[PDB]
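Student: input.txt is reproduced in full below (compact mmCIF, C-alpha atoms).
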# COMPACT_ATOMS: atom_id res chain seq x y z
CA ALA A 106 -20.56 2.23 5.14
CA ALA A 107 -20.52 -1.17 3.45
CA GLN A 108 -19.30 -2.15 -0.02
CA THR A 109 -20.96 -5.42 -0.95
CA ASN A 110 -19.17 -7.88 -3.26
CA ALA A 111 -15.92 -6.08 -2.62
CA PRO A 112 -12.50 -7.48 -3.53
CA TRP A 113 -11.63 -10.09 -0.93
CA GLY A 114 -8.76 -7.95 0.35
CA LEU A 115 -11.05 -5.04 1.22
CA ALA A 116 -13.49 -7.38 2.97
CA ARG A 117 -10.58 -9.04 4.78
CA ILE A 118 -9.21 -5.86 6.34
CA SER A 119 -12.68 -5.12 7.74
CA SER A 120 -13.37 -8.63 9.09
CA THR A 121 -12.02 -10.70 11.94
CA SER A 122 -12.65 -13.72 9.67
CA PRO A 123 -11.76 -14.66 6.08
CA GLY A 124 -14.23 -15.46 3.33
CA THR A 125 -16.46 -12.42 3.65
CA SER A 126 -17.23 -10.29 0.62
CA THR A 127 -18.40 -7.04 2.26
CA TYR A 128 -15.97 -4.20 2.98
CA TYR A 129 -17.10 -2.31 6.10
CA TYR A 130 -15.63 1.14 6.61
CA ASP A 131 -16.34 4.51 8.18
CA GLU A 132 -17.63 6.77 5.43
CA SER A 133 -14.88 9.34 6.02
CA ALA A 134 -12.96 6.96 3.71
CA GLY A 135 -9.66 8.74 4.17
CA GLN A 136 -10.91 12.17 3.13
CA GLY A 137 -8.39 14.85 4.01
CA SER A 138 -5.54 12.34 3.73
CA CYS A 139 -3.17 11.97 0.80
CA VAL A 140 -1.24 8.96 -0.44
CA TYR A 141 1.79 9.12 -2.71
CA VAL A 142 1.89 6.00 -4.88
CA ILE A 143 5.56 5.58 -5.76
CA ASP A 144 5.53 3.16 -8.66
CA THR A 145 5.06 3.11 -12.47
CA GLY A 146 2.59 6.02 -12.37
CA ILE A 147 -1.16 6.36 -12.16
CA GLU A 148 -3.63 6.54 -15.00
CA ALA A 149 -5.38 9.44 -13.27
CA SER A 150 -8.07 9.42 -15.97
CA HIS A 151 -9.36 6.07 -14.75
CA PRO A 152 -13.04 6.59 -13.75
CA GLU A 153 -12.30 4.56 -10.63
CA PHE A 154 -10.28 7.49 -9.24
CA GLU A 155 -13.07 10.06 -9.70
CA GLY A 156 -10.52 12.79 -10.23
CA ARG A 157 -8.84 12.11 -6.91
CA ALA A 158 -5.64 10.85 -8.58
CA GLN A 159 -2.98 12.93 -10.23
CA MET A 160 0.57 12.60 -11.40
CA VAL A 161 2.92 14.89 -9.50
CA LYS A 162 6.32 13.69 -10.71
CA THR A 163 7.91 11.37 -13.22
CA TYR A 164 11.47 10.27 -13.91
CA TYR A 165 10.84 9.46 -17.65
CA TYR A 166 9.38 11.79 -20.30
CA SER A 167 5.96 10.57 -19.55
CA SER A 168 3.94 10.60 -16.34
CA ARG A 169 1.79 8.02 -18.14
CA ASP A 170 1.63 4.61 -16.48
CA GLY A 171 2.48 2.34 -19.40
CA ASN A 172 2.80 -0.65 -17.12
CA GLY A 173 -0.35 -0.90 -14.96
CA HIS A 174 1.32 -1.60 -11.63
CA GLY A 175 1.12 1.94 -10.28
CA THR A 176 -2.44 2.37 -11.46
CA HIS A 177 -3.22 -0.99 -9.83
CA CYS A 178 -1.72 -0.09 -6.46
CA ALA A 179 -3.22 3.41 -6.57
CA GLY A 180 -6.51 1.64 -7.12
CA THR A 181 -6.08 -0.44 -3.98
CA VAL A 182 -5.24 2.64 -1.88
CA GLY A 183 -8.22 4.67 -2.85
CA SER A 184 -9.76 3.71 -6.09
CA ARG A 185 -13.57 3.85 -5.87
CA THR A 186 -14.40 0.18 -6.15
CA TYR A 187 -11.08 -1.42 -5.26
CA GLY A 188 -9.64 0.98 -2.70
CA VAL A 189 -9.33 1.04 1.03
CA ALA A 190 -9.51 4.84 1.44
CA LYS A 191 -12.14 5.69 -1.17
CA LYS A 192 -11.98 9.46 -0.61
CA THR A 193 -8.23 9.98 -0.19
CA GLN A 194 -6.11 12.01 -2.60
CA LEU A 195 -3.67 9.99 -4.71
CA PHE A 196 -0.40 11.47 -5.98
CA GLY A 197 1.52 9.54 -8.60
CA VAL A 198 5.32 9.40 -8.47
CA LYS A 199 6.66 7.41 -11.41
CA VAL A 200 10.02 6.04 -10.30
CA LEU A 201 9.60 2.79 -12.26
CA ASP A 202 9.71 2.76 -16.03
CA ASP A 203 6.97 1.07 -17.99
CA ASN A 204 8.83 -2.25 -17.69
CA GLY A 205 8.51 -1.85 -13.91
CA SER A 206 12.25 -1.19 -13.55
CA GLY A 207 13.93 1.63 -11.67
CA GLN A 208 17.47 2.58 -10.70
CA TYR A 209 18.05 2.88 -6.97
CA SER A 210 19.03 6.53 -7.41
CA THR A 211 15.71 7.23 -9.10
CA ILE A 212 13.77 5.53 -6.31
CA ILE A 213 15.77 7.51 -3.75
CA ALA A 214 15.03 10.73 -5.63
CA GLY A 215 11.33 9.86 -5.75
CA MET A 216 11.19 9.38 -1.99
CA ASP A 217 13.05 12.65 -1.38
CA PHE A 218 10.62 14.26 -3.83
CA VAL A 219 7.58 13.21 -1.76
CA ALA A 220 9.18 14.42 1.49
CA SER A 221 9.19 17.96 0.16
CA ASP A 222 6.27 17.71 -2.28
CA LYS A 223 3.84 17.08 0.59
CA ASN A 224 4.51 20.65 1.71
CA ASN A 225 2.94 21.85 -1.54
CA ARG A 226 -0.17 19.76 -0.92
CA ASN A 227 -3.18 20.09 1.34
CA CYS A 228 -3.36 16.85 3.33
CA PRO A 229 -4.73 18.00 6.69
CA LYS A 230 -5.28 14.43 7.91
CA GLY A 231 -1.73 13.40 7.04
CA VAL A 232 0.34 11.90 4.26
CA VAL A 233 1.09 8.30 3.27
CA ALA A 234 3.55 6.84 0.81
CA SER A 235 2.88 3.44 -0.74
CA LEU A 236 6.04 1.90 -2.20
CA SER A 237 5.07 -1.26 -4.08
CA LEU A 238 8.62 -1.88 -5.25
CA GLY A 239 11.88 -3.35 -4.06
CA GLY A 240 15.29 -4.70 -4.93
CA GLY A 241 18.24 -6.13 -3.04
CA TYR A 242 19.50 -4.58 0.15
CA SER A 243 20.59 -0.99 -0.15
CA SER A 244 21.50 1.16 2.80
CA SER A 245 20.97 4.28 0.71
CA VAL A 246 17.54 3.08 -0.41
CA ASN A 247 16.75 2.25 3.23
CA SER A 248 17.88 5.66 4.42
CA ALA A 249 15.83 7.32 1.71
CA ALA A 250 12.77 5.51 3.06
CA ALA A 251 13.78 6.44 6.61
CA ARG A 252 13.98 10.15 5.69
CA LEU A 253 10.55 10.05 4.05
CA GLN A 254 9.11 8.51 7.21
CA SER A 255 11.00 10.98 9.40
CA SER A 256 9.63 13.86 7.31
CA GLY A 257 6.14 12.97 8.56
CA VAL A 258 5.00 10.59 5.84
CA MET A 259 3.58 7.18 6.74
CA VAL A 260 5.75 4.94 4.57
CA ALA A 261 4.48 1.46 3.71
CA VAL A 262 6.83 -0.77 1.72
CA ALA A 263 6.49 -4.25 0.21
CA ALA A 264 8.46 -7.00 1.93
CA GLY A 265 9.41 -8.42 -1.48
CA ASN A 266 8.26 -11.48 -3.42
CA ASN A 267 11.27 -13.73 -2.84
CA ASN A 268 9.88 -16.16 -0.24
CA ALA A 269 12.89 -15.14 1.80
CA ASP A 270 13.78 -13.07 4.81
CA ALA A 271 13.12 -9.43 3.96
CA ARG A 272 16.39 -8.36 5.68
CA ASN A 273 18.17 -8.74 2.32
CA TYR A 274 15.83 -6.34 0.51
CA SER A 275 15.33 -2.58 0.36
CA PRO A 276 13.42 -0.58 1.39
CA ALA A 277 11.80 -3.64 2.93
CA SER A 278 14.55 -3.94 5.54
CA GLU A 279 14.42 -0.29 6.70
CA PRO A 280 13.20 -0.70 10.31
CA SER A 281 11.46 2.68 10.65
CA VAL A 282 8.95 2.21 7.79
CA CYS A 283 6.02 -0.22 7.60
CA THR A 284 7.19 -3.41 5.85
CA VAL A 285 4.19 -5.29 4.45
CA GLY A 286 4.03 -9.01 3.75
CA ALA A 287 1.32 -10.64 1.64
CA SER A 288 -1.51 -13.00 2.63
CA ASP A 289 -4.00 -14.86 0.46
CA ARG A 290 -7.76 -15.16 0.80
CA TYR A 291 -7.46 -18.25 3.00
CA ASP A 292 -5.34 -16.35 5.54
CA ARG A 293 -2.21 -18.13 4.38
CA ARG A 294 1.03 -16.27 3.93
CA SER A 295 1.29 -15.75 0.19
CA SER A 296 3.51 -18.32 -1.53
CA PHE A 297 5.96 -15.60 -2.65
CA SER A 298 5.73 -13.37 0.39
CA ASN A 299 8.97 -12.45 2.08
CA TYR A 300 9.07 -12.79 5.86
CA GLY A 301 11.35 -12.06 8.81
CA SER A 302 11.57 -9.86 11.85
CA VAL A 303 11.54 -6.64 9.81
CA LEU A 304 7.98 -7.36 8.65
CA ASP A 305 5.52 -5.13 10.47
CA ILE A 306 2.19 -6.32 9.15
CA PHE A 307 0.58 -8.54 6.56
CA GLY A 308 -2.05 -7.46 4.10
CA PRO A 309 -4.00 -9.10 1.28
CA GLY A 310 -1.54 -9.70 -1.50
CA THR A 311 -2.61 -12.74 -3.54
CA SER A 312 -5.03 -12.28 -6.46
CA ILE A 313 -5.85 -8.66 -5.71
CA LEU A 314 -8.40 -7.03 -8.00
CA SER A 315 -7.88 -3.35 -8.75
CA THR A 316 -7.62 -0.77 -11.50
CA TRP A 317 -5.45 -1.35 -14.55
CA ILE A 318 -4.27 0.84 -17.43
CA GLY A 319 -6.67 1.37 -20.30
CA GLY A 320 -9.56 2.02 -17.91
CA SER A 321 -9.66 -1.64 -17.02
CA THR A 322 -9.16 -3.90 -14.03
CA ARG A 323 -7.06 -6.89 -13.27
CA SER A 324 -6.07 -9.17 -10.45
CA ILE A 325 -2.39 -9.66 -9.67
CA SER A 326 -0.42 -10.89 -6.71
CA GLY A 327 2.55 -9.62 -4.73
CA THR A 328 3.58 -7.93 -1.52
CA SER A 329 3.46 -5.01 -3.92
CA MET A 330 -0.34 -5.48 -3.81
CA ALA A 331 -0.47 -5.87 -0.02
CA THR A 332 1.42 -2.58 0.46
CA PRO A 333 -1.38 -0.27 -0.79
CA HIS A 334 -3.90 -2.02 1.46
CA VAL A 335 -1.83 -0.88 4.44
CA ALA A 336 -1.20 2.57 2.97
CA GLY A 337 -4.92 2.96 2.35
CA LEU A 338 -5.70 1.69 5.85
CA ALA A 339 -3.25 4.19 7.33
CA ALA A 340 -4.80 7.03 5.30
CA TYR A 341 -8.20 5.83 6.51
CA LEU A 342 -7.10 5.63 10.15
CA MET A 343 -5.36 9.01 9.99
CA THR A 344 -8.48 10.68 8.63
CA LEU A 345 -10.36 9.15 11.57
CA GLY A 346 -7.89 10.72 13.97
CA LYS A 347 -6.95 7.28 15.30
CA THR A 348 -3.22 7.53 14.60
CA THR A 349 -0.50 9.69 13.02
CA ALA A 350 2.01 9.13 10.24
CA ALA A 351 4.72 8.40 12.79
CA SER A 352 2.63 5.85 14.70
CA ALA A 353 0.35 4.37 12.02
CA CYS A 354 2.52 1.30 11.42
CA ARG A 355 2.55 0.41 15.09
CA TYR A 356 -1.11 1.37 15.47
CA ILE A 357 -2.07 -0.97 12.60
CA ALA A 358 0.00 -3.76 14.16
CA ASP A 359 -1.52 -3.12 17.60
CA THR A 360 -5.05 -3.35 16.16
CA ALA A 361 -4.35 -6.07 13.59
CA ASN A 362 -5.93 -9.48 13.53
CA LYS A 363 -3.38 -11.51 15.52
CA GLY A 364 -2.51 -15.16 14.91
CA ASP A 365 -4.97 -15.73 12.05
CA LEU A 366 -2.37 -16.37 9.32
CA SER A 367 -0.90 -19.75 8.47
CA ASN A 368 2.63 -20.61 7.31
CA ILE A 369 4.11 -17.59 9.17
CA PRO A 370 7.77 -18.51 9.83
CA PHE A 371 8.82 -18.42 13.46
CA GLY A 372 10.07 -14.92 14.28
CA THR A 373 7.78 -13.16 11.78
CA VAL A 374 4.78 -11.21 13.06
CA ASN A 375 1.40 -12.94 12.69
CA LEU A 376 -0.59 -9.76 12.14
CA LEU A 377 -3.14 -9.03 9.44
CA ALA A 378 -4.20 -5.47 8.64
CA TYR A 379 -7.64 -4.83 10.12
CA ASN A 380 -9.61 -1.60 10.23
CA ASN A 381 -11.48 -2.64 13.40
CA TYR A 382 -14.49 -0.75 12.09
CA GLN A 383 -17.64 -1.25 14.16
CA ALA A 384 -20.62 -0.52 11.92
Before anything else, please render the file you have as structure tokens.
Tutor:
Amino acid sequence: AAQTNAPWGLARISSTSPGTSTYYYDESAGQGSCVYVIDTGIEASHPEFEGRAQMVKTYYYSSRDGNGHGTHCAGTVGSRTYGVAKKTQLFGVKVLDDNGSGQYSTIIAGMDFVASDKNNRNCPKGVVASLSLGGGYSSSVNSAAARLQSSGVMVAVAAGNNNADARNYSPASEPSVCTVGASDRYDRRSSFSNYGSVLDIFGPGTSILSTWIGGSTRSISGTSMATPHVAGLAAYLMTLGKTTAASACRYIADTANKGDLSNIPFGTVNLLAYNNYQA
């Protein structure tokens, strides 16, 4: 399949070259996979989700995404127009309040929630968690992400927007999950993107168009936006039978576009998420 005039990030992950506008993808589109978007929630009513989104857990009275961030990153995973895996199931876990804030304990609880929740879901192609959040280093946050991964969830996490080594940030520094840096449409490392040896992969992160609350769309930037690209790609690749939850991070790195990014600090992978789809 081909989505013309797609967000640059979708076209990027299907192209060996920047500057294209067409997103090429196998029509399976991540069907049979599920992605938990662990964030401010998901406006599941957004037409862009076509009923494939739902809230499964909140840590506030409301499952309603009163921020936009979770709806935005859900959109990049598998929203209709703006998503990588356009047929995947999206589950909303609202660990961040509507200001985007969340206690570590709440984030840890949300990850533990997914690890068991996925046993009440039908995700025959596998299960992904997209964590577009982060704070300073936390061994207990890291171990929460490690458990989720261990449980058989493909965890993707944002490297953080500090223009610093991601070793000082959690869950970004958890080695066993997929730590995602951000690139811009010119294949530069995003200005804010964290870096370091813990990074597993880069994805489009600057000026990413996707869903927003109120049935709308907006473009925002962050490794938080690159994360759902990789989670979507993993859901897509799992549905294709190309990898598993345990191996998706390394499979995406193995098959990534290598050496195409600029301003990658020495010691940080130079790997851009790529679906390698041959139409």
Student: Between A:319, A:188, A:156, A:197, which has the minimum distance to residue A:175 (counting only C-alpha atoms)?
Tutor: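 Using only C-alpha atoms, residue A:175 sits closest to A:197.
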Student: Would you tabulate, counting all atoms listed in the file, all residues of stretch 140-199 of chain A that have an atom at most 9 Å from an atom of stretch 335-353 of chain A, showing the closest pair of atoms and their distance in Å to one decimal, sorted by chain then ascending number, as CSV?
Tutor:
residue,atom,partner,partner_atom,distance
A:140,CA,A:340,CA,7.0
A:181,CA,A:337,CA,7.3
A:182,CA,A:337,CA,4.3
A:183,CA,A:337,CA,6.4
A:188,CA,A:337,CA,7.2
A:189,CA,A:337,CA,5.0
A:190,CA,A:337,CA,5.0
A:191,CA,A:337,CA,8.5
A:192,CA,A:341,CA,8.8
A:193,CA,A:340,CA,7.1
Student: For the atom pair atom CA of residue A:126 and atom CA of residue A:291, what is the interatomic distance in Å to one decimal place?
Tutor: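 Atom-to-atom, atom CA of residue A:126 to atom CA of residue A:291, that is 12.8 Å.
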Student: Can you list every residue of stretch 140-216 of chain A that has an atom at most 9 Å from stretch 244-262 of chain A, with its nearest atom pair and the distance in Å to one decimal, using only C-alpha atoms, ordered by chain then number, as a tab-separated table?
Tutor:
residue	atom	partner	partner_atom	distance
A:140	CA	A:259	CA	8.8
A:209	CA	A:246	CA	6.6
A:210	CA	A:246	CA	7.9
A:212	CA	A:246	CA	7.4
A:213	CA	A:249	CA	5.5
A:214	CA	A:249	CA	8.1
A:216	CA	A:253	CA	6.1
Student: Which residue is closest to residue A:172? Choose from A:318, A:106, A:269, A:306 and count all atoms listed in the file.
Tutor: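 Comparing A:318, A:106, A:269, A:306 against residue A:172, the winner is A:318.
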Student: What is the atom CA of residue A:270 to atom CA of residue A:243 distance in Å?
Tutor: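 Going from atom CA of residue A:270 over to atom CA of residue A:243, I get 14.7 Å.
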Student: Smallest atom-to-atom distance to residue A:202: which of A:150, A:145, A:224, A:159, using all atoms listed in the file?
Tutor: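 When distances to residue A:202 are compared using all atoms listed in the file, the smallest one comes from A:145.
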Student: Between atom CA of residue A:141 and atom CA of residue A:168, what is the spacing in Å?
Tutor: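 Atom CA of residue A:168 sits 13.9 Å away from atom CA of residue A:141.
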Student: With all atoms listed in the file as the atoms that count, which of A:161, A:144, A:229, A:323 lies nearest to residue A:201?
Tutor: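 Distance minimum relative to residue A:201 lands on A:144.
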Student: Might I get the box with edges along x, y and z of the file that holds all atoms of stretch 106-111 of chain A listed there, padded by 8 Å on every side, given as centre and edge lengths in Å to one decimal, as JSON?
Tutor:
{"center_x": -18.4, "center_y": -2.8, "center_z": 0.9, "size_x": 21.0, "size_y": 26.1, "size_z": 24.4}
Student: Tell me which of A:123, A:207, A:114, A:327 sits closest to residue A:292, counting all atoms listed in the file.
Tutor: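 Residue with the minimum atom-to-atom distance to residue A:292: A:123.
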Student: Kindly add N, CA and C atoms to the incomplete stretch 135-166 of chain A and provide the output as a PDB file, in the coordinates of the input.
Tutor:
ATOM      1  N   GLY A 135     -10.937   8.109   4.411  1.00  0.00           N
ATOM      2  CA  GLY A 135      -9.660   8.740   4.170  1.00  0.00           C
ATOM      3  C   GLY A 135      -9.715  10.110   3.546  1.00  0.00           C
ATOM      4  N   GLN A 136     -10.834  10.817   3.670  1.00  0.00           N
ATOM      5  CA  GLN A 136     -10.910  12.170   3.130  1.00  0.00           C
ATOM      6  C   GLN A 136     -10.083  13.133   3.978  1.00  0.00           C
ATOM      7  N   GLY A 137      -9.336  14.007   3.317  1.00  0.00           N
ATOM      8  CA  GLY A 137      -8.390  14.850   4.010  1.00  0.00           C
ATOM      9  C   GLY A 137      -7.001  14.257   4.135  1.00  0.00           C
ATOM     10  N   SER A 138      -6.843  12.975   3.842  1.00  0.00           N
ATOM     11  CA  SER A 138      -5.540  12.340   3.730  1.00  0.00           C
ATOM     12  C   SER A 138      -5.089  12.310   2.275  1.00  0.00           C
ATOM     13  N   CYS A 139      -3.783  12.139   2.102  1.00  0.00           N
ATOM     14  CA  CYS A 139      -3.170  11.970   0.800  1.00  0.00           C
ATOM     15  C   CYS A 139      -2.251  10.764   0.841  1.00  0.00           C
ATOM     16  N   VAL A 140      -2.124  10.097  -0.299  1.00  0.00           N
ATOM     17  CA  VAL A 140      -1.240   8.960  -0.440  1.00  0.00           C
ATOM     18  C   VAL A 140      -0.417   9.144  -1.708  1.00  0.00           C
ATOM     19  N   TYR A 141       0.902   9.164  -1.562  1.00  0.00           N
ATOM     20  CA  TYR A 141       1.790   9.120  -2.710  1.00  0.00           C
ATOM     21  C   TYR A 141       2.005   7.673  -3.111  1.00  0.00           C
ATOM     22  N   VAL A 142       1.667   7.341  -4.353  1.00  0.00           N
ATOM     23  CA  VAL A 142       1.890   6.000  -4.880  1.00  0.00           C
ATOM     24  C   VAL A 142       3.162   6.070  -5.705  1.00  0.00           C
ATOM     25  N   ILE A 143       4.222   5.475  -5.187  1.00  0.00           N
ATOM     26  CA  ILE A 143       5.560   5.580  -5.760  1.00  0.00           C
ATOM     27  C   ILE A 143       5.785   4.290  -6.533  1.00  0.00           C
ATOM     28  N   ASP A 144       5.693   4.367  -7.864  1.00  0.00           N
ATOM     29  CA  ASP A 144       5.530   3.160  -8.660  1.00  0.00           C
ATOM     30  C   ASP A 144       5.698   3.478 -10.147  1.00  0.00           C
ATOM     31  N   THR A 145       4.942   2.831 -11.040  1.00  0.00           N
ATOM     32  CA  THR A 145       5.060   3.110 -12.470  1.00  0.00           C
ATOM     33  C   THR A 145       4.201   4.282 -12.932  1.00  0.00           C
ATOM     34  N   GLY A 146       3.509   4.954 -12.028  1.00  0.00           N
ATOM     35  CA  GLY A 146       2.590   6.020 -12.370  1.00  0.00           C
ATOM     36  C   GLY A 146       1.161   5.637 -12.066  1.00  0.00           C
ATOM     37  N   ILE A 147       0.263   6.573 -12.361  1.00  0.00           N
ATOM     38  CA  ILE A 147      -1.160   6.360 -12.160  1.00  0.00           C
ATOM     39  C   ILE A 147      -1.887   6.879 -13.391  1.00  0.00           C
ATOM     40  N   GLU A 148      -2.698   6.030 -14.005  1.00  0.00           N
ATOM     41  CA  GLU A 148      -3.630   6.540 -15.000  1.00  0.00           C
ATOM     42  C   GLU A 148      -4.687   7.342 -14.253  1.00  0.00           C
ATOM     43  N   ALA A 149      -4.448   8.642 -14.068  1.00  0.00           N
ATOM     44  CA  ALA A 149      -5.380   9.440 -13.270  1.00  0.00           C
ATOM     45  C   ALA A 149      -6.740   9.551 -13.927  1.00  0.00           C
ATOM     46  N   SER A 150      -6.810   9.364 -15.248  1.00  0.00           N
ATOM     47  CA  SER A 150      -8.070   9.420 -15.970  1.00  0.00           C
ATOM     48  C   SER A 150      -8.995   8.257 -15.670  1.00  0.00           C
ATOM     49  N   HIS A 151      -8.517   7.219 -14.986  1.00  0.00           N
ATOM     50  CA  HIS A 151      -9.360   6.070 -14.750  1.00  0.00           C
ATOM     51  C   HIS A 151     -10.608   6.492 -13.969  1.00  0.00           C
ATOM     52  N   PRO A 152     -11.812   6.185 -14.464  1.00  0.00           N
ATOM     53  CA  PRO A 152     -13.040   6.590 -13.750  1.00  0.00           C
ATOM     54  C   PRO A 152     -13.064   6.162 -12.306  1.00  0.00           C
ATOM     55  N   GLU A 153     -12.363   5.076 -11.991  1.00  0.00           N
ATOM     56  CA  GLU A 153     -12.300   4.560 -10.630  1.00  0.00           C
ATOM     57  C   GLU A 153     -11.640   5.521  -9.647  1.00  0.00           C
ATOM     58  N   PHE A 154     -10.938   6.540 -10.128  1.00  0.00           N
ATOM     59  CA  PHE A 154     -10.280   7.490  -9.240  1.00  0.00           C
ATOM     60  C   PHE A 154     -11.103   8.738  -9.016  1.00  0.00           C
ATOM     61  N   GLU A 155     -12.118   8.961  -9.861  1.00  0.00           N
ATOM     62  CA  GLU A 155     -13.070  10.060  -9.700  1.00  0.00           C
ATOM     63  C   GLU A 155     -12.368  11.398  -9.578  1.00  0.00           C
ATOM     64  N   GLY A 156     -11.269  11.550 -10.299  1.00  0.00           N
ATOM     65  CA  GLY A 156     -10.520  12.790 -10.230  1.00  0.00           C
ATOM     66  C   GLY A 156      -9.743  12.979  -8.959  1.00  0.00           C
ATOM     67  N   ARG A 157      -9.631  11.959  -8.121  1.00  0.00           N
ATOM     68  CA  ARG A 157      -8.840  12.110  -6.910  1.00  0.00           C
ATOM     69  C   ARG A 157      -7.396  11.675  -7.084  1.00  0.00           C
ATOM     70  N   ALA A 158      -7.018  11.211  -8.271  1.00  0.00           N
ATOM     71  CA  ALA A 158      -5.640  10.850  -8.580  1.00  0.00           C
ATOM     72  C   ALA A 158      -5.013  11.933  -9.431  1.00  0.00           C
ATOM     73  N   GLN A 159      -3.714  12.141  -9.252  1.00  0.00           N
ATOM     74  CA  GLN A 159      -2.980  12.930 -10.230  1.00  0.00           C
ATOM     75  C   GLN A 159      -1.505  12.594 -10.172  1.00  0.00           C
ATOM     76  N   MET A 160      -0.866  12.720 -11.326  1.00  0.00           N
ATOM     77  CA  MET A 160       0.570  12.600 -11.400  1.00  0.00           C
ATOM     78  C   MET A 160       1.196  13.880 -10.883  1.00  0.00           C
ATOM     79  N   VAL A 161       2.195  13.739 -10.019  1.00  0.00           N
ATOM     80  CA  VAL A 161       2.920  14.890  -9.500  1.00  0.00           C
ATOM     81  C   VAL A 161       4.391  14.868  -9.881  1.00  0.00           C
ATOM     82  N   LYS A 162       4.896  13.771 -10.429  1.00  0.00           N
ATOM     83  CA  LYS A 162       6.320  13.690 -10.710  1.00  0.00           C
ATOM     84  C   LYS A 162       6.573  12.440 -11.514  1.00  0.00           C
ATOM     85  N   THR A 163       7.427  12.551 -12.517  1.00  0.00           N
ATOM     86  CA  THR A 163       7.910  11.370 -13.220  1.00  0.00           C
ATOM     87  C   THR A 163       9.419  11.464 -13.371  1.00  0.00           C
ATOM     88  N   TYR A 164      10.047  10.313 -13.622  1.00  0.00           N
ATOM     89  CA  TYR A 164      11.470  10.270 -13.910  1.00  0.00           C
ATOM     90  C   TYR A 164      11.745   9.683 -15.312  1.00  0.00           C
ATOM     91  N   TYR A 165      10.841   9.948 -16.260  1.00  0.00           N
ATOM     92  CA  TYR A 165      10.840   9.460 -17.650  1.00  0.00           C
ATOM     93  C   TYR A 165      10.132  10.586 -18.421  1.00  0.00           C
ATOM     94  N   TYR A 166      10.106  10.634 -19.742  1.00  0.00           N
ATOM     95  CA  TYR A 166       9.380  11.790 -20.300  1.00  0.00           C
ATOM     96  C   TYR A 166       7.974  11.879 -19.851  1.00  0.00           C
TER      97      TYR A 166
END
